[PDB]
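Q:
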Amino acid sequence: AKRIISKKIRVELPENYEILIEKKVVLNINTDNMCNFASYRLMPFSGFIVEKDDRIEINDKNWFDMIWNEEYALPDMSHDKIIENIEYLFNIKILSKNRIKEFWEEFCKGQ
Amino acid sequence: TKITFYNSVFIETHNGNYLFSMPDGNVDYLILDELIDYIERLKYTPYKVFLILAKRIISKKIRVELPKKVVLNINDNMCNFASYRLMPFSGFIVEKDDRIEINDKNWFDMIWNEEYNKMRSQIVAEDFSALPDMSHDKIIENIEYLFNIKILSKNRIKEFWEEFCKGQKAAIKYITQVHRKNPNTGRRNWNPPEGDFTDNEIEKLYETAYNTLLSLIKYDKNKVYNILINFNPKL
Amino acid sequence: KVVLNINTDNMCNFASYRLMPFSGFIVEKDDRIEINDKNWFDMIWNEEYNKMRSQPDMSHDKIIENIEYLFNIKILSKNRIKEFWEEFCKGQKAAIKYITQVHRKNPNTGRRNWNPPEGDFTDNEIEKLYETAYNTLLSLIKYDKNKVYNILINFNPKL
Amino acid sequence: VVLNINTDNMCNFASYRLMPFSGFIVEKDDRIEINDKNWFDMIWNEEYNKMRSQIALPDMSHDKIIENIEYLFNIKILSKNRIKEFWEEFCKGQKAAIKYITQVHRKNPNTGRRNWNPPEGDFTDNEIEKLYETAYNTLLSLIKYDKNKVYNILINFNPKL
Amino acid sequence: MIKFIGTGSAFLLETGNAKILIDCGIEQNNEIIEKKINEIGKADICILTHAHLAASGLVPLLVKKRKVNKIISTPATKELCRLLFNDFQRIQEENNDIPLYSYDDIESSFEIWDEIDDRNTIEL
Amino acid sequence: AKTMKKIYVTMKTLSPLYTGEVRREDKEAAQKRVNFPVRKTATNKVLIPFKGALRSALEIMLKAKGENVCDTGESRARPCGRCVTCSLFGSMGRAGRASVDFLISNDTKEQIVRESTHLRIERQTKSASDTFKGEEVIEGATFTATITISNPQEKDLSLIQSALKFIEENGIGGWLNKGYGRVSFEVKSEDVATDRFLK
Amino acid sequence: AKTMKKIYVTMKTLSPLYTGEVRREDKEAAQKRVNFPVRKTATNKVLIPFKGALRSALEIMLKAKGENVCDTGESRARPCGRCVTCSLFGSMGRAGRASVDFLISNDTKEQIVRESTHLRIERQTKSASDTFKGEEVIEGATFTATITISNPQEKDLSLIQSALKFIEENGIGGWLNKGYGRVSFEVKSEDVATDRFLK
Amino acid sequence: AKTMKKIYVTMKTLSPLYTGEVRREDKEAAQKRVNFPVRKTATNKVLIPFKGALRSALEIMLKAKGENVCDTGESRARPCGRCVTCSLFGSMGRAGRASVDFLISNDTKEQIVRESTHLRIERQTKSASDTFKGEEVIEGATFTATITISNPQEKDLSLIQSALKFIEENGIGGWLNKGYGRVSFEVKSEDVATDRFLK
RNA sequence: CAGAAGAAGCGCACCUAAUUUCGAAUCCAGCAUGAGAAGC
Ligand SMILES: [Zn+2]
Ligand SMILES: [Zn+2]
Ligand SMILES: [Zn+2]
Ligand SMILES: [Zn+2]
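Residue numbers (our numbering), protein chains in the order written: chain A, 99 to 209; chain B, 1164 to 1398; chain C, 4 to 162; chain D, 998 to 1158; chain E, 11 to 134; chain F, 1038 to 1236; chain G, 1038 to 1236; chain H, 1038 to 1236.
1. List, in chain order, every chain D residue whose beta-carbon is nearer than 8 Å to that of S1112(H).
2. Within a Cβ cutoff of 6 Å, which residues of the same chain sit near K121(A), ignoring the five residues on either side of it in sequence?
3. When the Cα atoms are used, what is the spatial distance from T1176(B) to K1165(B)?
4. For the 8 Å Cβ check, are there 3 or more pairs between the segment 1110 to 1118 of chain H and the segment 1104 to 1115 of chain D?
5. For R1219(F), tell me which candidate among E1159(F), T1040(F) and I1209(F) has the shortest Cα-Cα distance.
6. Below 8 Å on the Cβ atoms is my contact criterion, and I expect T139(C) with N69(C) to pass it. Report the Cβ-Cβ distance as a whole number of Å.
7. Is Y1201(B) close to chain A, meaning its C-beta is less than 8 Å from at least one C-beta of that chain?
8. Using a Cβ cut-off of 8 Å (strictly closer), state whether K88(E) contacts chain G.
9. When you compare the CB of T1080(H) with every CB in chain G, is at least one pair closer than 8 Å?
10. Taking only runs that begin and end inside the segment 1135 to 1164 of chain F, name each unbroken beta strand (DSSP E) of 3 or more residues, in chain order.
11. So for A98(C), helix, strand or coil by DSSP?
12. Does ligand 3 have even one heavy atom less than 7 Å from the beta-carbon of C34(E)?
13. CB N1001(D) to CB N1032(D), shorter than 8 Å?
14. Does the beta-carbon of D1063(H) have 16 or more other beta-carbons within 10 angstroms, so that it is buried, or is it exposed?
15. In whole angstroms, what is the alpha-carbon distance linking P1086(H) and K1215(G)?
16. May I ask whether a heavy atom of ligand 1 can be found less than 7 Å away from the beta carbon of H62(E)?
17. Run the CB neighbour count on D115(E), radius 10 Å, all protein chains shown included, and call it buried at 16 or more, exposed below.
18. How many angstroms separate the CA atom of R114(C) from the CA atom of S1093(F)?
19. Taking only the alpha-carbon atoms, compute the straight-line gap between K88(E) and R1157(G) and give it to the nearest angstrom.
20. Would you verify that the beta carbon of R1115(H) is, or is not, closer than 8 Å to some beta carbon of chain D?
21. Could you check which residue in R1160(G), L1125(G), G1130(G) and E1173(G) has the C-alpha nearest to that of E1147(G)?
22. Compute the minimum distance between the beta carbon of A86(E) and the heavy atoms of ligand 1, and state whether it is under 7 Å.
23. Is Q1161(F) close to chain H, meaning its C-beta is less than 8 Å from at least one C-beta of that chain?
24. Quick one: what does DSSP say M1098(G) is sitting in, helix, strand or coil?
25. Name the residues in the segment 1047 to 1060 of chain D whose C-beta lies less than 8 Å from a C-beta of chain B; which are they?
26. Is there at least one Cβ from chain E nearer than 8 Å to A1066(H)'s Cβ?
27. Taking a contact to mean a Cβ-Cβ separation below 8 Å, would you say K46(E) touches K29(E) in this structure?
28. Distance cutoff 8 Å, beta carbons only. Does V1234(B) sit that close to anything in chain A?
29. Compute every distance between the C-beta of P1115(D) and the non-hydrogen atoms of ligand 4, then say whether any falls below 7 Å.
30. Compare the beta carbon distance of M1098(F) and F1203(F) with 8 Å and say whether it is the shorter of the two.
31. Go through its chain and collect everything with a Cβ distance to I103(A)'s Cβ below 8 Å, but skip five positions before and after it.
32. In the DSSP assignment, what are the bridge partners of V1212(B)?
33. Pull up the DSSP beta-bridge partners for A1230(F), would you.
34. With respect to the alpha helix (DSSP H) encompassing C15(C), which residues constitute its N-terminal and C-terminal limits?
35. Who's in the neighbourhood of ligand 2, going by beta-carbon under 7 Å from any heavy atom, listed in chain order?
36. Listed in chain order, which residues of the segment 1223 to 1236 of chain H have Cβ atoms closer than 9 Å to some Cβ of chain F?
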């Protein structure tokens, strides 16, 4: 604790017991031209939502534009090769619906 | 709100020890080369500094921010592209009385189906635009008997009148729908007769209700209203 | 020809077009395929529905005692005497019809359209007071107009 | 003004001919066009394709369609649940309706079973299979017709769908 | 907000819509452990860092008292904890002290047990 | 009259909730699709009447305690004007001192209203004899109200909280005998000055 | 009046239990994954209807005794308003004196609801012709309800207890003849005051 | 009606028994222990389907006898509603008079369930080609189920005992062809008044 | 810095997870009070 307070870092020991951080979502799109269709005040909008540290910011194409001008193991087989191989092994009954089910189950846990 | 002045206003609330521009206490928000040491002099390095300078102070391991209803996103697979984490999403912002929801195309498709079902089921053919025969007394007799036993009720007479205002054809549609014996359940939409009976008798009173209401649609509106107003005084 | 009677003010701009979802009624004419809103059809539904629908004996000294009692235990009121006097001025028949309407006990609920007596009355004394109101007002039916007005004017001074 | 809606399904309310509708007033260069939901689905695919980029149905006549749907409704193949779920997939787009009728008609390669409801009554196996193919062809022909006429065809067999 | 319960150690992080738990475990009195377990309340998730009994030992006790809906951990931490919980129950029963949970609590704890790897973002 | 008691009331549903639609046009339009519509605002929010529930609660509780409380509720009954319920809720003379707002949701019908299937089952055959659909409000739905007592007496918040416990125990509205309407209340009582707005 | 009976009813589930989802949105959401969803609250607890089971129980037993009871199981059958079942659970004239709550589980759906595979076997080839998935409540899961009887009478707890025994024998919920829904009921009754909340 | 036939059936296994687990979570929890888990309750007791073997037994023998009977084993079949098996066990609208409880054991899994090594042997090398581990219920295990028949008829006990003789000679559960499932049923039937719980 | 108790191998696969009926009926929609006062 003494060494990390020496690194200017606040530390709360468990023999003791405060700011309110709150991540917010910013529209950043102008909600003037807005109608009511089915008793809901709605607007179809095209945008590029961004997740910034501490803030989710919905952002119009103006955003992508500015950021566009600013900016600008496992083996390998083609997509059609994968579909053709799983098609053949499905009709040769090596790959089954249960094997594909558990491969999807383990792939949903990570790679 | 404990406020202290320095050569700097050090307001110390319970929501953070704010300081607009170095005290010896813990400082949470710094509302701010010469600039870097001032932050280095503060013990318990601040959570956020509200300011080229930002690039450097980010690399000094410090958070920055550079200067209504709650907005809730309902749409979530993003991508690294152009540095910032990001996704393409087209959607709909909706402005509720206490919130702003960010919905997608499935919500609008849902409310499109929910509105289209309301739209398509409001006008039913010739609204406000081969019937059997019965004497007026026989109509009075059968509607009175089927009002005493609970087949032709006040709600049935009311809903007869509302559809018969919308034309003869809508009234025939309503009467055919009420008399319809569903082949999967063997049941008509007539309210069942009160009093001890038998299924042949009950089916014949249902048939009597069908023929007496159908023989009333051929009559004039005023004559229909003056037959039914003796039973349901509203309509 | 096409006329848009729907208000064109509020319109979003998605996909570089000014689009707006509407839910209305496309309506035919001699040459006008007009798009008329929800309110227009509430106009024509109300218009068409409204168009298709629009097309005994007792003593006077005992009568005074009865209307006093029934005005003091609140069965007979200023409003009852008012509508009784209007129906009396529209005829004998309609006033008997109104007295019948008020006294009519609905078989489904067993409720008459009088005002309930206040006080610790049980069931059949309230029923006897309702019958008393029936026979008192229906005995007042046969009397001449001047006598009914002088009888009612003690209780409801407006009528 | 340029209506992009077929002006059919028009009832006669009193001395008035009209059509319940929901669409979009897409005000453009001088058109102020009235385009339906299919245009909005195209527009949504336009946007949700363009924005990402920065990172043969048979003809069967209408009266034969009512005749076949009626025959299949009385022999318990096109039940009210089938008409309801077909309507829910039809309002979700025609492609989802192709997917649903393909899924229900697909004779599973292992079991040999289709997902229709079995015919009630005496029918041979070849006859039952021809009835299942009739169900596929009739609903696949119903996918082409527009939303209003499909609602009129399906409302006479399922009153709540 | 975060509560530091710790006998047993645990980290309850009440978000405001859930009660997420970190490392319910006991390295070493059974009654005060049970009272301290009752002090946590119904938790939506019980996240396990590692498969040591200092951070996983009380997980079957939490499914005895039905205080956890899902026990997420790493796929190797789970398999480890199979052997770990049967060994802890073998030692506890073998010592003739009254078992703090049972083998059925072990089984049912692995009935609601999900498993994710590193760098896999769950949203619950 | 210098003070005003504001009781902010926050009601969370511990059960399905139903309160029927009273508006004839809205009821008919919804009865084309669901036989028992729930009461709804035009802003698509759920509205329970709250003054009658509180008044009925206080009338049965205060009649049980043996107090001088009349029975509004009997057919065309006249409030006496001398009870505590006539003081807090009104008589034919003076109005009620407590303005009881409707219990309006913070959520919209898409989020809290579900159409549910209810049955009548024949006893001997044990099969469905009747079927109907009813709109209900989900569990955990949060509703708000603000009771505003003008000329506040000292036993006014206690009676409101007692009525809130009675509404918790009997249910707020709708099919209360079937299990619907079981709720819980949170009471943010306060005492504001009447000249709060005059700056 | 002046007292209210409170029957605190605790179910322990002995066989598995199924009561299907009634809400159209929740059912249509779950029929993608499971062909027989279970009734579930929005706070993820299991919901069993209890008033109809207690009604139906008492109607069968009192019709078998010969005591006069109406039938409210027949299609659109008007309640009589004179029988003891009409006094306890309700008629069209007078409401039910017994306010039966919903049987709500003490535990969450991810702790007592399991998804199960059911079949139809061809009687001749002894081979699966149909496979469906259904959600069931596990055995030993505990449900709670309060039967809150206003205007108490003497035979209103015992008949309820009698009806509970019938629900112990026949079952509650669905799939009652395949063995689903055999349960045990434990009862704790108390005559709470009607003015208990008045502080 | 006025009576109800309660048939208490005690079944003793005369060979190993396998009824496979239907719950998803119980199978996925046991997939690293036993490849064929036994259907057990959450009270750790073995749960066997009983309605469905009785129906299949009665349908096969009544089809063999030539008496009119439908097949509720063919895929998505509709029970006719007229045959006797539709009376006892049910149809789509009339429901089963014979409420057939699950065969819950009298003991726990630790006493009756054992984990076993089953094999597939090559016919030309006489070698263990596949080894797979499955649970089974031991011999002598006792299971109990109560069949409660409402509206009792004359040929309802006799048909159920005939069906139980069919399950005695054919088997209950899975792996019936290998020798698994051979049992002995013992029946004690009694007619109870439907108003027996009133007191 | 946390648990620990005659050989050998194996302890895995596959299918199915759908279908259908019902979604109505009924009662109620009243009553009461106040119709004045004051300035220019
Ligand atoms: Zn460790
Ligand atoms: Zn009073
Ligand atoms: Zn009755
Ligand atoms: Zn049959």
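C-beta: ideal position from N, C-alpha, C; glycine also.
A: A quick look at the data gives this:
1. Along the eighth sequence, one-based indexing puts residue 1112(H) at 75. In chain order: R1110 and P1115.
2. Here residue 121(A) is taken as the residue at index 23 of the first sequence, counted from 1. Result list for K121(A): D152, in chain order.
3. On the second sequence, position 13 is the one that residue 1176(B) refers to. On the second sequence, position 2 is the one that residue 1165(B) refers to. So the alpha carbons of these two residues sit roughly 7 Å apart.
4. yes
5. Residue 1219(F) sits at position 182 when you count from the first residue of the sixth sequence. If we check each option's Cα against that of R1219(F), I1209(F) comes out closest.
6. One-based indexing of the third sequence puts residue 139(C) at position 136. One-based indexing of the third sequence puts residue 69(C) at position 66. Correct: roughly 4 Å between the Cβ atoms.
7. Numbered from 1 along the second sequence, position 38 holds the residue referred to as residue 1201(B). No, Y1201(B) does not count as interfacial toward chain A.
8. As a first step, residue 88(E) must be located in the fifth sequence, where it is residue number 78. No, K88(E) does not count as interfacial toward chain G.
9. Numbered from 1 along the eighth sequence, position 43 holds the residue referred to as residue 1080(H). With 8 Å as the cut-off, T1080(H) counts as an interface residue toward chain G.
10. If we require 3 residues or more, the beta strand (DSSP E) runs fully inside the segment 1135 to 1164 of chain F come out as 1135 to 1137, 1140 to 1142 and 1150 to 1158.
11. Walking along the third sequence from the start, residue 98(C) turns up at place 95. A98(C) falls in the helix class under three-state DSSP.
12. The residue labelled residue 34(E) in the question sits at position 24 within the fifth sequence. Incorrect: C34(E) has no Cβ contact closer than 7 Å to ligand 3.
13. Taking the fourth sequence and counting its residues from 1, one reaches residue 1001(D) at position 4. Taking the fourth sequence and counting its residues from 1, one reaches residue 1032(D) at position 35. Going by beta carbons, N1001(D) and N1032(D) fall inside the 8 Å limit.
14. By one-based count along the eighth sequence, residue 1063(H) stands at place 26. By the neighbour-count criterion, in which a residue is buried when 16 or more other Cβ atoms sit within 10 angstroms of its Cβ, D1063(H) is buried.
15. Counting from 1 along the eighth sequence, the entry for residue 1086(H) is found at position 49. Counting from 1 along the seventh sequence, the entry for residue 1215(G) is found at position 178. One C-alpha to the other measures close to 8 Å.
16. Here residue 62(E) corresponds to residue number 52 of the fifth sequence, with the count starting at 1. Flag set: Cβ of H62(E) near ligand 1.
17. Locating residue 115(E) in the fifth sequence gives position 105, counting from the first residue. Flag for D115(E) reads buried.
18. As a position in the third sequence, residue 114(C) is number 111, starting the count at 1. As a position in the sixth sequence, residue 1093(F) is number 56, starting the count at 1. Going by the C-alpha atoms only, they are around 22 Å apart.
19. Here residue 88(E) is taken as the residue at index 78 of the fifth sequence, counted from 1. Here residue 1157(G) is taken as the residue at index 120 of the seventh sequence, counted from 1. Roughly 36 Å between the two C-alpha positions.
20. One-based indexing of the eighth sequence puts residue 1115(H) at position 78. Closer than 8 Å to some Cβ of chain D, the Cβ of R1115(H) qualifies, so yes.
21. Here residue 1147(G) corresponds to residue number 110 of the seventh sequence, with the count starting at 1. Comparing Cα positions, the closest option is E1173(G).
22. Working through the fifth sequence from its first residue, we reach residue 86(E) at position 76. No.
23. For the purposes of this step, residue 1161(F) is taken as the residue at position 124 of the sixth sequence. True, the Cβ-Cβ gap to chain H drops below 8 Å.
24. Along the seventh sequence, read from residue 1 onward, the residue named residue 1098(G) stands at position 61. Looking at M1098(G) - three-state DSSP - the assignment turns out to be helix.
25. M1048, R1049, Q1051 and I1052
26. If you number the eighth sequence from 1, residue 1066(H) lands on position 29. Yes, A1066(H) lies at the interface with chain E (some Cβ there is under 8 Å from its Cβ).
27. Counting from 1 along the fifth sequence, the entry for residue 46(E) is found at position 36. Counting from 1 along the fifth sequence, the entry for residue 29(E) is found at position 19. The answer is no: Cβ separation not under 8 Å.
28. Against the second sequence, residue 1234(B) aligns to sequence position 71. With 8 Å as the cut-off, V1234(B) counts as an interface residue toward chain A.
29. For the purposes of this step, residue 1115(D) is identified with residue 118 of the fourth sequence, where counting begins at 1. Checking every heavy atom of ligand 4 against the Cβ of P1115(D), none is found closer than 7 Å.
30. The residue you call residue 1098(F) lines up with position 61 of the sixth sequence. The residue you call residue 1203(F) lines up with position 166 of the sixth sequence. Result yes, Cβ atoms of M1098(F) and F1203(F) sit closer than 8 Å.
31. What you label residue 103(A) is simply residue 5 of the first sequence in a count that begins at 1. Answer for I103(A): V109, listed in chain order.
32. Counting from 1 along the second sequence, the entry for residue 1212(B) is found at position 49. Answer is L1193(B) and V1227(B), bridged to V1212(B).
33. Taking the first residue of the sixth sequence as position 1, residue 1230(F) is located at position 193. In the DSSP assignment, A1230(F) forms a beta bridge with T1040(F).
34. Within the third sequence, the letter at position 12 stands for residue 15(C). Run containing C15(C): none in the alpha helix (DSSP H); it sits in the beta strand (DSSP E), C15 to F17.
35. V1106(F), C1107(F), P1116(F), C1117(F), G1118(F), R1119(F), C1120(F), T1122(F), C1123(F) and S1128(F)
36. none
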